[PDB]
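Residue-level listing of the chains:
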Amino acid sequence: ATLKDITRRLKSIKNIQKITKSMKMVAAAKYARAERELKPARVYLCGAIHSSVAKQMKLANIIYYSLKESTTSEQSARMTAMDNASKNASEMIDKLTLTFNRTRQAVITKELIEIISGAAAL
Amino acid sequence: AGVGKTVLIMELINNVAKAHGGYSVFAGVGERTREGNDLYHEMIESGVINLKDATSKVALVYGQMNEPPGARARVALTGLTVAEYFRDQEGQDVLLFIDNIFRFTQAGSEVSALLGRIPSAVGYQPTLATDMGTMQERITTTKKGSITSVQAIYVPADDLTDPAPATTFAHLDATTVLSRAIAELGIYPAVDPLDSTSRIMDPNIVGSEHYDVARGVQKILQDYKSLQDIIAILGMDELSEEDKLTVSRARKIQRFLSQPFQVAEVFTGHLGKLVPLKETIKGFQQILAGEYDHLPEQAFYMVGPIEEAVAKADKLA
Amino acid sequence: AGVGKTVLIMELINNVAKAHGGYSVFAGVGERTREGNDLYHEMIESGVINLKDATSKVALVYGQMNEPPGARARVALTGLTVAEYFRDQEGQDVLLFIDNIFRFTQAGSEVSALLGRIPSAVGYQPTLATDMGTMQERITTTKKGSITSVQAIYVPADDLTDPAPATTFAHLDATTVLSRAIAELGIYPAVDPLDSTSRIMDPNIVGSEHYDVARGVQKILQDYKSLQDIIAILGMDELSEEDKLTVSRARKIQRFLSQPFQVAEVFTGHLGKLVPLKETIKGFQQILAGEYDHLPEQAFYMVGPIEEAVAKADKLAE
Amino acid sequence: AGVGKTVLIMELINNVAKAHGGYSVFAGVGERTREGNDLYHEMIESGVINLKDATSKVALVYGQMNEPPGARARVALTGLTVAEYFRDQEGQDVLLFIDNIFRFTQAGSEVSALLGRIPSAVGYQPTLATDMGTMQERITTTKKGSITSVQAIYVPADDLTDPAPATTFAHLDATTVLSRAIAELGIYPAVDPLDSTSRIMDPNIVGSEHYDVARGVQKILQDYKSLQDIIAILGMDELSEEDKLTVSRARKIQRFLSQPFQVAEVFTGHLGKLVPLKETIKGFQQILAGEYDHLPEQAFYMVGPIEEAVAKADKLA
Amino acid sequence: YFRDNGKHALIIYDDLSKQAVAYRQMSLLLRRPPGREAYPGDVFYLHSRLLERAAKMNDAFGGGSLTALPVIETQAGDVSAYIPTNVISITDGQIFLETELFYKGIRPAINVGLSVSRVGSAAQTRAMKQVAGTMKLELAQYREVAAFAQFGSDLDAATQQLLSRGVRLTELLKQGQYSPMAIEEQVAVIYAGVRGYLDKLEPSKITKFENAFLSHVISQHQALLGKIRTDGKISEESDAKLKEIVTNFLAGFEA
Amino acid sequence: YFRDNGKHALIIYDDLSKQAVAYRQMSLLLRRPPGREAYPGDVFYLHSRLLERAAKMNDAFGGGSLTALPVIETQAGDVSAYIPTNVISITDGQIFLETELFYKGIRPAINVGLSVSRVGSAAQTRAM
Amino acid sequence: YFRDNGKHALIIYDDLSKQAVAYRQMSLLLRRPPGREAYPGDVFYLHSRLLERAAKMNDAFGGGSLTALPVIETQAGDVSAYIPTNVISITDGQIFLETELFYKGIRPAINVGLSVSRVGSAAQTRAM
Ligand SMILES: Nc1ncnc2c1ncn2[C@@H]1O[C@H](COP(=O)(O)OP(=O)(O)O)[C@@H](O)[C@H]1O
Ligand SMILES: Nc1ncnc2c1ncn2[C@@H]1O[C@H](COP(=O)(O)OP(=O)(O)O)[C@@H](O)[C@H]1O
Ligand SMILES: [Mg+2]
Ligand SMILES: [Mg+2]
């Protein structure tokens, strides 16, 4: 890993941390507005949840009952999946920012010791 | 730059002279000539320098950027000497400002290089730590007095681990971080109350009460910061009666941390306050109990003691 | 190393030097001897060099990779001397090709220590920039006559910030920057559309249509560049309708930038195409407007004019 | 530093030397003296050293972290010469255990500096590799007799491209590269499965059953490796039904590539294990085939043969 | 000479980088001990001493002034390299130009969020300082949300407005080469975007509008501009005329 | 003195990192070819010869002991740098301290998962 | 000898990475100031001299040929490295191998994007 490699990786992951942080909010607005509307209906990339019902698979009165149990489950899980993705990206920023500084320092030292070798040998 | 650095320096001088009868020295280590002149005239203005008589509380030692590395590596030493007379002859508590410490290291690095010495890690001088040590070790409490130093820290490539900052942090007993976000949100002085820490912040040194109160303030502001995510996007009308208490209490504490300075008198209009240690501790301790739970938020902003928080909460009938 | 410099200088000779009314000078400076013999016999066949009569139009100078540094440090000065006379004591139109001009810097730095100098940064001789200065400033159009100079520049360790190439930029009116990242995808020529500049990229000079389409291409390619790393993790579908449309167009523009060369036939398997100016501007104008968003991207890969891309898409029906 | 070179070499001594007919030499090069005292007394207690008899099986040569550089620069040659005799002038079989051979190269830098040469890269001696050569080429099997050498190689700052370790690869028939990152996952021995090679890994020498399984394991471990960027951000929840499967298998294989050592019993408390080659193949053959897809990962962690993992799944309530 | 004799000068060093390289050549060939990047320990002393000669004189010494615009070429965005690090530390401020900005459309390619003037406010005319302050805060707020512009359809009311204001002002900051504007001409066009007149106009049309709008106010409203300059800010009278010129022009534009 | 005359001593080197920099200063003023972080080839030897003198003697030599607790200050958890990896590969174990744990209020701030002291296990009381 | 006598020879240099190291040593001991990465300023000339001697001869010189396959060892799969790019810049192309491809089953582990032939189809039969 060089500085070019790292700063490129840093900026992109810093961006993934941003989009994911806003998608945490968007899902939180959709989740709350859906959990407030499961109450009267009670008595009548979102992670594993899209596979959970698709793997378990392998009129008008009940069709609605499930369709408001879905949005509470989905916009909730998306809030959870994305709360992770941004926090994982945050940990990856903190880690890569540290690698970048070590590497910056090392390179400066290296490139300087090479100049010194050439001057003393004369 | 931007946040009230100079004002804080000019206030420290003014406040230390009034409370502890000690003078101040300011050392400009590779300072820009434009910013040097600007400080001179700004210091005349705030009254810490008097052209007419002899009430000036600061001395000025200047080593401008356009001077050879020798000159700029010695200016911290010229200022240290002036500061030392006030401690070792008049028995005062001297306040020494170095602006800034990186340029002291920078200058040493160059002298070294010019002397043919082999550079060290990251291009610094091999005498880096001793260059620092020989200078930084004269700034101490003797039995005849003390020199206390506030040094401006520049961090290269925003890297704390960089040899220049890294070395300095060995001699540091406190950090005062002037925050950017806190300045535009009105709060002055713009001191970040969570980045700023102290070594003498320990119950055995400053008393059990001083420790317990300020650790309570820190806890309340730290708990406030985490609650902000639940507040900003979800909604305030969710949290229980025990959480609403902590939100308003901490917000009132934030306001009480702001202060009208004596040097910012001919700029903001408000009168400047110098709050003693006892009144500082008791006020924040009182807010933590719930004694001022009834009072409005905008009372503690820009006041002296907690008594001025009463007069301002009355004037808004 | 190995991204297309020579192939490109070869195609330009094919496209410009063959037509050119006047004299040309080719300097082989510290490159492959094989290439020189390849060049010699291609020019004899095409007639640009005639051994029998005296209607010859090219002068050749060679000091290749098999020579000691001193020969390599000077052959560039020999070439441009042949080019200097034709500029002044003939006053005519002169073309000057140098492959590779890096090998005059490298050479100079091969003997620097044995000359008693402390090395400057990255190993180079402390006189890098002035050696360059006193050499390059001779390669120029004066009032006495004209020189069109094409110079291949090797970029050591694939680093454009390397003293040698970095100091070469200031000596140039137009820059074509090849890229390995682009070559490894199969895009030839691997010109970087976001790092190649020219002094006459100005509406006042090339017209507003030429300039607006040009900047339009770069704009979409920069947009797609800044989505690249984000869409790879978050998935394609999470993109808005405006974006996944600039992704399709930019990817198609990316391929329409690639072109088969009359000289690279032994590499591509494709008959070389040369696309005139007005057919280029209009073609790219069209992809940007949206006129080909129903075509598969592989229609635009390795073709000539925009008409050929439609023909290719038609053939991909079966 | 601290990955398990010495624990590896001690387990190897226990597992190969005791059960071979012939002599062994141990050279201690630039290492811990206490480790020498540890080895000596434990060899006395087991009876491979006999202070009264003539049946001693091991020659010891030591030149450790306390010796001048010259001494450490040559110790490797001394233990080597002891091993040279036993190979030739007996018509016999020798084992040679050196720990640590890096210190030879390292000791070369120290004297090279005072010999006043122009250093090569990283500060190292310009003679680095010829030094290493004239030394390494004597540690070899000949027509006259064989040396099985197991040398421990220290890696400066985990950089396998550092001249010292980088040049050592050319001199080996097998490389067991230990990985810090693997150790932090709690996997021992921390052998890097995708970075460890042997010249005997040939379908004509080990047979195709051994070759096909080995290669197949390296394939699934490589495929998992490129899946670890996507996981690192989004998690395993954003994976296909195909990729999820290779991951579960690769994680089961990663852990089954770990086993407790006899020389580790002292601190683990768990009995050490010795797995016959045919059982290692059968075990990994089965995980790949898909025969243990219902079992959990943690069932493959720190066991011997594949049977023991099956029994560990029952044990998990 | 100008600074000293009551006059005002502006010097451009293009560039100081090559001057440094040149000094390194001499330093090394004189066997002076090499340092970081092969530069001698007094390469800072070389630039620092030059750039501190630029100054604003008081009335007693003539009242003159010298302003320096030094140019530094970074290598792959490395502002931390020796010489960049030096001259950055000497100057009173920096204008950062960036490649990905340049090709995205932003020309000139100034990174508004990173560039600084420590002198700043104390050298703008009262009129500029009014619209500039509003633009500063509106763009900064924009920069926070900019990432969720292309990845957000379920945006709330308050942020959707911020994005729109942002891209608008961003376009207003774009400018052609070899066509500098008078300070009043400048505030006039920023005024349009700042007061939200271009909020409904399509972002791809802002360049066409500004060119036509500016051409118009220069043609007919020579007095309105003269007021913005002389009045020493945007007056109540000036606020009214602008509100009318824009609205009617804007309707006429979109027809 | 205590080690050899039947007694037991404990030495604390606070810290060995700063001794390394002093020695780097010495080595660079002496013009000795720098390696990683400009340290001279023999920084390892500098600490190894020292830290080896801490030992437990048998009864035949008085039964004494010297115990060494050398301190190494890392930058931002970089227990992978030159001087840290040297001292690790010289001493018998490590007590690891993290900024992370200190802040939370785990005081003392020991990582009890990374820390090791394999030779101290035999020398632990049965009660413990 | 084969090349100049109407015969056809193929030479393999395994590997030119090590010869450069030998050259580096030889140069530094001859007290010739180090250049880039500690190698002599002329490491390019070292290999350029040698590989330019691999050639195809016309019929007046006997029609012979010497073909060369130099071997270079990369560090951590980095072809963009200074020494690798020096040799790549001499030869008529490169076969590039990657440990990642090797372990995935792609054997030979040829990276197609990064490997090229500079003679191309001219070196193939019509059938190929
Ligand atoms: N195979 C193993 N099983 C369990 N722990 C191990 C094993 N190998 C190494 N370790 C851990 O690593 C530590 C260091 O071991 P050691 O071999 O002395 O490191 P080094 O590679 O420097 O020789 C041990 O104290 C132990 O905690
Ligand atoms: N224009 C192109 N079209 C197809 N293939 C190309 C093209 N340019 C280069 N190549 C391929 O890549 C190789 C490298 O090109 P070359 O000009 O020899 O590189 P350089 O001179 O920059 O070192 C060529 O041998 C050829 O196979
Ligand atoms: Mg070429
Ligand atoms: Mg060990």
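Definitions and limits used
- Residues numbered from 1 in each chain as written, not as in the entry; some residues may be left out.
- Chains lettered and ligands numbered in written order.
- Part of a larger assembly, values for the part shown.
- Heavy atoms only, no water.
- Helix = DSSP H or I, 4+ residues; strand = E, 2+ residues; numbered from the N terminus.
- Buried < 20%, exposed > 50% of the residue type's maximum accessible area, 1.4 Å probe, protein only.
- Areas by Shrake-Rupley, 256 points an atom, 1.4 Å probe, with all protein chains shown as cover.
- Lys, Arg positive; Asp, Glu negative; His and termini not counted.
- Charge placed at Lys NZ, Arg CZ, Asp CG, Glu CD.
- Domains from an automatic or database assignment.
- Contact = heavy atoms within 4.5 Å.
- Buried area = accessible area lost by both parts, 1.4 Å probe.
- Pairing = 2+ DSSP bridges.
- Axes fitted to C-alpha atoms, helices over the stretch in contact; angles between N-to-C directions.
- Salt bridge = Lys/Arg side-chain N within 4 Å of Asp/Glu carboxyl O.
- Polar contact = N/O pair within 3.5 Å; in protein donor to acceptor, adjacent residues only side chain to side chain.
- Nonpolar A, V, L, I, M, F, W, Y, C, P; charged D, E, K, R; others polar.
- Near = heavy atom within 4 Å.
- UniProt positions renumbered as here; feature names shortened; annotations may be inferred.
- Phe/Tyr/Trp six-rings, centres within 6.5 Å; stacked < 30°, edge-to-face > 60°.

Describing the overall build of chain A
- Scanning chain A from terminus to terminus reveals three helices and zero strands.
- For chain A, the succession of helices and strands along the chain, N to C, is α-α-α.
- With the C-alpha coordinates aligned to their principal axes, the bounding extent of chain A is approximately 90 × 30 × 15 Å.
- Across the 122 residues that make up chain A, the buried fraction comes to 37%.
- Approximately 7700 Å² of chain A is accessible, and the part contributed by carbon and sulfur atoms is 57%.
- Taken as two groups, the 22 positive and 10 negative side-chain charges of chain A have centres that lie 3 Å from each other.

A closer look at the domain arrangement of chain C
Residue and element names in this part refer to chain C.
- As far as domains go, chain C holds domain 1 (1–200) and domain 2 (201–318).
- On a C-alpha basis, the centres of domain 1 and domain 2 stand 30 Å from each other.
- Contact with domain 1, which involves 16 residues of that partner, is made by 21 residues of domain 2.
- Summed over both partners, the interface of domain 1 with domain 2 comes to about 1500 Å²; 64% of that surface belongs to carbon and sulfur atoms.
- Sorting the residues of domain 1 by area buried against domain 2 places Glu11, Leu194 and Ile200 first, and these three jointly supply 35% of that buried surface.

With respect to the sheet that holds strand β4 (residues 146–151) of chain D
Residue and element names in this part refer to chain D.
- The parallel open sheet is built from four strands, whose spatial order is β2-β1-β3-β4. Either end of the sheet is taken by a strand with one partner, and the two such strands are β2 (58–63) and β4. The sheet shows a mean angle of 15 degrees between the axes of neighbouring strands, taken without regard to direction.
- Relative to strand β3 (residues 93–99), strand β1 (residues 23–29) is paired through six bridges, and the arrangement is parallel. Within the sheet, the bridge partner assigned to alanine 27 lies in β3 and is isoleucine 98.
- Relative to β1, helix α3 (residues 69–88) is tilted by about 175 degrees, and along the sheet it contacts β1, β2, β3 and β4.

Overview of the interface of chain C and chain G
- Counting from both sides, the interface comprises 33 residues of chain C and, opposite them, 29 residues of chain G.
- Both sides together, the interface formed by chain C and chain G hides about 2500 Å², and carbon and sulfur atoms give 52% of it.
- Looking only at chain C, the three residues that lose the most surface to chain G are C:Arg32, C:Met65 and C:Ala157, adding up to 22% of its buried area.
- For the pair chain C and chain G, the number of links is three salt bridges.
- G:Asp92 serves as the salt-bridge partner of C:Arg34, at 2.8 Å between the closest nitrogen and oxygen.
- Where chain C meets chain G, there are 12 residue pairs in polar contact.
- Tallying contributions element by element places helix α4 (residues 102–110) of chain C first for the side of chain C that touches chain G, with four residues.
- A class-by-class count of the residues in the side of chain C that touches chain G yields 15 nonpolar, seven polar and 11 charged.

Observations regarding the interface of chain A and chain G
- At the junction of the two partners, chain A supplies five residues and chain G supplies seven residues.
- Interface area, chain A with chain G, both sides summed: about 360 Å², of which 60% is carbon and sulfur.
- Per-residue buried area on chain A facing chain G is highest for A:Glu114, A:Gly118 and A:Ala121; these three make up 82% of the total on that side.
- Taken together, the residues of the side of chain A that touches chain G sort by class into two nonpolar, two polar and one charged.

A word on the arrangement of the chains
- By number of contacts, the leading pair among the 13 pairs of chains in contact is chains C and G.
- You won't find any contact between chain F and chain G; their C-alpha atoms come no closer than 13 Å.

Some words on the site of ligand 1
- Every residue lining ligand 1 is accounted for by D:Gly2, D:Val3, D:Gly4, D:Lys5, D:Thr6, D:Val7, D:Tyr188, D:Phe261, D:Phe267, F:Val116 and F:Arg118.
- Between an oxygen atom of ligand 1 and a main-chain N or O atom of D:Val3, the distance comes to 3.4 Å.
- Within the backbone of D:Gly4, one N or O atom sits 2.7 Å away from an oxygen atom of ligand 1.
- If ligand 1 stood free it would expose 560 Å²; the protein chains cover 84% of that surface.
- Top contributing element to the shell around ligand 1 by residue count: helix α1 (residues 5–17) of chain D, with three residues.
- Considered class by class, the residues forming the shell around ligand 1 number six nonpolar, three polar and two charged.

Some thoughts on the UniProt feature "binding site: Mg(2+) 2" in chain C
- UniProt feature "binding site: Mg(2+) 2": in the numbering of this structure it lies at C:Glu31.
- Counting through the fold element by element, C:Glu31 comes out in the loop between β1 (23–29) and α2 (33–46).
- What makes C:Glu31 buried here is its relative accessible area of 6%.
- Sequence-distant contacts of C:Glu31, that is, excluding residues within four places in its chain, are made with C:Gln64, C:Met65, C:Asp99, C:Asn100, C:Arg103, G:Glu52 and G:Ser89.

Description of the side chain of G:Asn86
- If you trace the backbone, G:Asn86 turns up in helix α3 (residues 82–88).
- A residue is classified by how much of its surface remains accessible, and G:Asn86, at 7% relative accessible area, is buried.
- For G:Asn86, the residues in contact, after removing those within four places along its chain, are C:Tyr154, G:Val43 and G:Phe44.

Overview of the site of ligand 2
- Around ligand 2, a shell composed of 14 residues is seen, among which C:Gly2, C:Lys5, C:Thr6, C:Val7 and G:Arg118 lie nearest.
- One nitrogen or oxygen atom from the main chain of C:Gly2 is found 3.0 Å from an oxygen atom belonging to ligand 2.
- For ligand 2, an oxygen atom lies 3.0 Å from a polar atom in the backbone of C:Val7.
- Protein chains shield 93% of the accessible area of ligand 2, which is 550 Å² for the free molecule.

Observations concerning the packing of aromatic side chains
- Applying the stated criterion across every chain yields a total of 33 aromatic pairs over all chains.
- Their ring planes at 65 degrees and their centres at 4.9 Å tell us that D:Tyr23 and D:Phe86 sit as a pair that is edge-to-face. Here D:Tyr23 is found in strand β1, whereas its partner D:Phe86 is found in helix α3, with 63 residues between them in sequence.
- Residue classification places D:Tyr23 among the partly exposed positions, given a relative accessible area of 30%.
- For D:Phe86, a relative accessible area of 18% gives the class buried.
- Ring centres of E:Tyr1 and E:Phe2 lie 5.5 Å apart, and the angle between their planes is 90 degrees; this geometry places the pair in the edge-to-face category.
- By relative accessible area, E:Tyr1 is classed as exposed at 71%.
- You can call E:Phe2 partly exposed: its relative accessible area is 42%.

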